[PDB]
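Worksheet for the structure shown next.
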Amino acid sequence: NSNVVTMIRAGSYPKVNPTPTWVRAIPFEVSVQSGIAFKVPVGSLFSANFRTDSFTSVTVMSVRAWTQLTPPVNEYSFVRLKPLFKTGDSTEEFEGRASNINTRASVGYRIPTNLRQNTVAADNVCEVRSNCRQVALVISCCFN
Amino acid sequence: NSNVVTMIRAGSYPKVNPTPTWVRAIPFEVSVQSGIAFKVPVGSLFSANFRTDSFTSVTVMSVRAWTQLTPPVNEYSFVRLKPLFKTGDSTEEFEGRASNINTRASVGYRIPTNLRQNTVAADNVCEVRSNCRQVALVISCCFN
Amino acid sequence: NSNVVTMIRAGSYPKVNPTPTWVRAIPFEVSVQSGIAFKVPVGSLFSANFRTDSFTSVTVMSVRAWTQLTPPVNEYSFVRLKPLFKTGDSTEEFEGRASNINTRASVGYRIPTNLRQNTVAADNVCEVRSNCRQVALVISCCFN
Amino acid sequence: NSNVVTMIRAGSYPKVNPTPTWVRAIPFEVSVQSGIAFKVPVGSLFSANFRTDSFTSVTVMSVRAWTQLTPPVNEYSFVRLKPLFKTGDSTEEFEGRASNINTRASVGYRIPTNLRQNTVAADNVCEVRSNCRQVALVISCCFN
Amino acid sequence: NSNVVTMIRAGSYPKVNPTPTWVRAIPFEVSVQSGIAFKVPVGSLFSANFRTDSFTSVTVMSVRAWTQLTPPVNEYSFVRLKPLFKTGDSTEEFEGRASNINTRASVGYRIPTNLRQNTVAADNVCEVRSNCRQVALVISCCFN
Amino acid sequence: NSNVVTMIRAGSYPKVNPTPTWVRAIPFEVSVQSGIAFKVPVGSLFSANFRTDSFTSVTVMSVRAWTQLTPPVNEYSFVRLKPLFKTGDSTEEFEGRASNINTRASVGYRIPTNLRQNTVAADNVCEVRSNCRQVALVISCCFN
Amino acid sequence: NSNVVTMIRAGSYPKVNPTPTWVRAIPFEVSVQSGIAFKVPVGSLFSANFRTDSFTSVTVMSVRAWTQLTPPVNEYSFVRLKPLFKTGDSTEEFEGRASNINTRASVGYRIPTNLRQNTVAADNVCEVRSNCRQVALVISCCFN
RNA sequence: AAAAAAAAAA
RNA sequence: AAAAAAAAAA
RNA sequence: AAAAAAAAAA
RNA sequence: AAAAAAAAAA
RNA sequence: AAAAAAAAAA
RNA sequence: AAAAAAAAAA
RNA sequence: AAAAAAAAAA
RNA sequence: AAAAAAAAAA
RNA sequence: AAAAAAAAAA
RNA sequence: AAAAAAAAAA
RNA sequence: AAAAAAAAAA
RNA sequence: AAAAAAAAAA
RNA sequence: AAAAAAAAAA
RNA sequence: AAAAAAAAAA
Ligand SMILES: [Mg+2]
């Protein structure tokens, strides 16, 4: 291959965009109480910690959740997700349970194309229920 | 295709990275004086205006330059690029000229693999000369 | 085939969901006045009569309508449907007419993928007009 | 694909059913005492928690069971299932044991076609034995 | 081919619609001031000048823009487009620049299927920025 | 498919037309006396009710007619169409009759290419005769 | 194709005929009394209402008949045709009956080649019988 | 499956 | 015969 | 797709 | 042999 | 079926 | 390469 | 894709 | 059409 | 050449 | 997919 | 990749 | 191996 | 030779 | 015979 700088024969000025979209997998944790649902706010996805603080909207594609701390004594971990939407909340309760007490439970759901509109910081993604005090989420989304 | 949320059968917690790399084409302008070379600082690529203020290093891959304002009366636009590098500056003067007084002049150079190390805000990309008072740059780079 | 119970060699505890989605064709009637349009509420679709009282949202896919009573003397039955949407109402008036006075008139419309968002009880599906005093609807939808 | 509503050329009024059947996998737990068998009532499957409170009969196809709490000290989890039938109870004791003390034990059984009649709330599905204080069941059935 | 009127053997009365949908490319102009973004209202698309005054909703599919007057002295024309959405505004700034001072600058963007819902007169399509005092827009859209 | 807005690399300003042509099937009704021909005016086709009030000309391609009310006692419906043209009226009498007293009569005629000139609101399409007091027309035409 | 008049290189004066033959399907109605046969006169086919008043002879090829008014209460329509010929009358009674009280009855017969001689106004085609007071006839014939 | 009108593309 | 939902399986 | 009547053509 | 108009057919 | 002049096209 | 108009030809 | 100048190689 | 980054899949 | 909307057809 | 035990069949 | 339930379709 | 976003190429 | 129940296997 | 740098070309 080349070992020196070489000339590019550029032409006209291209179409440009200083502030493009970005397809991402955002990891973050939320704290949960026993037997009480926690609504996950979209605003959690806008943070300098993720290089995403310059965005104001995001299109969520899929949501996956793991338990992040150990469960109560005698119990296996579990986590439930209930999808939420601005045009109408769901009542599905997708649930995963561990089969080894020392292991995370996990579950996720995919959002269909007809429901992939933008959300803003004030919106919510889903409700989380778990017998563990922390749940780790990984959300796949397109920032725009 | 599906019209409702569906279950994902997630497994172990994956490898994650909250602060990933980003391949970009960054557009910005600089002011140049007649007969005086202008050193383009790498720090210009780190700005909230480009969603890149969270990075501190970047690997520049190629530089393209267009004249941005009209040339002096009776002349055609021209722009020159001289590559700069921390381990040793170049003396090439890649030059483009307009063939129509009303049109931009353009030129670019590609940086070879063996010279694609990181730069930081205090470093310089290249020297620009032009008979126009502004030059528009589009730099292809990998933020990391 | 087997005539007795046989063992299943079950494995880890699976992903579960106690409240799944349901793809349905719901049949109900509405009362129509002459010359006056009737707005069909989405809330009609949530009812123990359909096994759907546990849902709060629904994604409507297609609407079909039939006249359910005889037309006025000398007339042939007709029915019109005007689609309604929360992001903006349509002005189409899909219309079916009977070619035999003793026969139902019918018409339907399909909602495109890009408009299949959720609707809740307070929302409306469409407007119905008819010269018959009742209209029977069958709505294809996904409860979620 | 289409971006707007389009007409459907509906025909005669179709055959309809407002209360269809539903093929389901229902997950619930039961409390078990040491040394004592627990009869699992069919009535557990009818509940608003499963969107099934509108059904009065169900045809059970297969039963699967997992231990839901940790076993006694020094022991590995186990669970046994004895199938029950209105025309005559079985004496099989399908049994699963854990090979890791921290792991659920599991077992299931399939009901043959010739024994898939309806069962109502007063009937029983099976007997459960376990050295763990709770057992999680998933039952595959057709509500009708 | 035939030179006279001939008979059609028509059948039963068909499904009809007196107010159908219309796929269109609407051309119009907006006035913009330097350094100020102009929000383009959807209501611009409803006008007798386009035969569209009888619609109240539209699904926007793509937006293209051109500069419509000459740029300031010594400058090349430019135009930026920032998409707007009811469910959440974007921060992209799609930009095109002229390479001959006597030529229009142009740029455009396409709206994805998941974001093609309806918009009414009070909604906005996008923000426009330019150094030219007028910008010509051509919007591909579906009136319904 | 794509889930976010993407750039279009627009070129030169295209050819545009804010007021285009429209191929339509227009349904309307006319009142008829027994034994008396009714001349159907072309102006019926220009109406806000059809989104056509901005057109002043139209090219009729085909005419189809149905009886719209029940026939006199003891009779079967019938309907006759006689084409009219500015350059010379026809004397054809295309006729349809019902074979069931409860059923619409219908007939149609196609206009040949050499006769597809423009007509204006003061022109006439055809003559209608029927033993029913109302006739329903569906005209296929091109508005220009 | 050509858009202007063009020359024909005509030759010798051709064979001509100002009064050609005409294959036609003539529709007309006759009045019938209960229990009485009606002889259909051939003269009914020579009329300005059919553009045939310039013919004095006709060759009848086939005869079809429909009932034209409702039958008496409780009865289904029927119609009978008995062919008549100048060289000798038939005694067949081709009959058709309705299977729905509201629909027309119909029947017809074909005249074989050996019997297709000319007929004039004073001749008869056939005898009609019917329990309906009017019968509609369509006769396929060659005017010469 | 072919065609006309409007839209969009390689 | 293809595709979407819930269930079951090699 | 075949046949009759009228028209036109290689 | 191909086409238009009227008629008839599988 | 080939060619020239004017027009129009993929 | 196909077509229209004028011309010319086997 | 072919050629010249400089460099490197099987 | 090939390659790099992020995302997603059999 | 493929697709959407309106129209027409075997 | 092959085999042993019990059952059943062309 | 095959089969059962509810939905939709050529 | 197929797809989306950003980049680059024939 | 195909199938059901129990057992054993690549 | 393949490649890099500079030049020139279809
Ligand atoms: Mg009937």
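Since every read-out is calculated from the coordinates, none of them should be taken as a lab result. Counting neighbours? That spans all protein chains shown, and the Cβs are built from the backbone with ideal geometry, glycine included.
The table below gives the values:
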read-out: Verdict on E:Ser31 being over 11 Å from the mean Cα position of the chain (by Cα) and farther than 25 Å from E:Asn114 by Cβ; value: yes
read-out: Top-ranked residue in segment C:89-103 [being more than 7 Å from chain E (Cβ to nearest Cβ) and farther than 10 Å from C:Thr67 by Cβ; ranked as surrounded by the fewest Cβ atoms within 10 Å (Cβ to Cβ)]; value: C:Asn102
read-out: Verdict on G:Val40 being buried (at least 17 other Cβ atoms within 10 Å of the Cβ) and either closer than 29 Å to F:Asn100 by Cα or in contact with a helix residue (DSSP H, G or I) (Cβ under 6 Å, 6 or more places away or on another chain) (or both); value: yes
read-out: Residue match in segment D:66-82 (condition: within 11 Å of chain C (Cβ to nearest Cβ), crowded, with 22+ Cβ neighbours inside 10 Å and on the phi > 0 side of the Ramachandran plot); value: no
read-out: Hits in segment G:11-32 - residues which are within 14 Å of RNA strand J (Cβ to nearest atom) and farther than 21 Å from G:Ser54 by Cβ; value: G:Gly11, G:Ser12, G:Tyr13, G:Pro14
read-out: Sole residue being in contact (Cβ under 8 Å) with a residue 24 or more places away in the chain and in contact with a helix residue (DSSP H, G or I) (Cβ under 9 Å, 6 or more places away or on another chain), chosen from D:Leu137, D:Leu81; value: D:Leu137
read-out: Scan of segment B:29-60 for residues that are more than 7 Å from every other protein chain (Cβ to nearest Cβ) and among the hydroxyl-bearing types (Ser, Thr, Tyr), ordered by number; value: B:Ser31, B:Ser34, B:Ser44, B:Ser47, B:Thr52, B:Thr56, B:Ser57, B:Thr59
read-out: Single residue of D:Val4, D:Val23, D:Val63 found to be β-branched (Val, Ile, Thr) and under 24 Å from D:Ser130 (Cβ atoms); value: D:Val63
read-out: Positions within segment F:112-128 being among the charged types (D, E, K, R) and out of contact with any helix residue (DSSP H, G or I) (no Cβ under 6 Å at 6 or more places or on another chain), in sequence order; value: F:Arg116, F:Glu127
read-out: Subset of segment A:1-49 that is in contact (Cβ under 8 Å) with a residue 60 or more places away in the chain and among the charged types (D, E, K, R) - its residue that is nearest to RNA strand O (Cβ to nearest atom); value: A:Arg24
read-out: Any hit, segment B:5-21, residues being among the charged types (D, E, K, R), within 16 Å of RNA strand I (Cβ to nearest atom) and more than 30 Å from B:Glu92 (Cα to Cα); value: yes
read-out: Segments classed as strands (runs of 3 or more DSSP E), wholly inside segment F:29-130, with at least 3 members that are in contact with a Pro (Cβ under 8 Å, 6 or more places away or on another chain) and of a type outside the set (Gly, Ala, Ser); value: F:124-130
read-out: Flag for E:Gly88 being under 14 Å from the mean Cα position of the chain (by Cα) and of a type in the set (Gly, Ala, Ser); value: no
read-out: Residue count, segment G:1-14 (criterion: within 16 Å of RNA strand H (Cβ to nearest atom) and more than 14 Å from every other protein chain (Cβ to nearest Cβ)); value: 0
read-out: Residue in segment G:131-142 that is farthest from RNA strand J (Cβ to nearest atom), counting only those that are assigned to a strand (DSSP E or B) and under 24 Å from G:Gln68 (Cα atoms); value: G:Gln134
read-out: Test: residue in segment A:110-123 that is under 18 Å from A:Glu29 (Cα atoms) and more than 14 Å from chain E (Cβ to nearest Cβ); value: no
read-out: Looking only at segment F:15-28, and only at residues there that are more than 7 Å from chain E (Cβ to nearest Cβ) and outside any strand (DSSP E or B), the one that is surrounded by the fewest Cβ atoms within 10 Å (Cβ to Cβ); value: F:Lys15
read-out: Test: residue in segment G:118-128 that is surrounded by fewer than 17 Cβ atoms within 10 Å (Cβ to Cβ) and either polar (S, T, N, Q) or more than 24 Å from G:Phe46 (Cβ to Cβ) (or both); value: yes
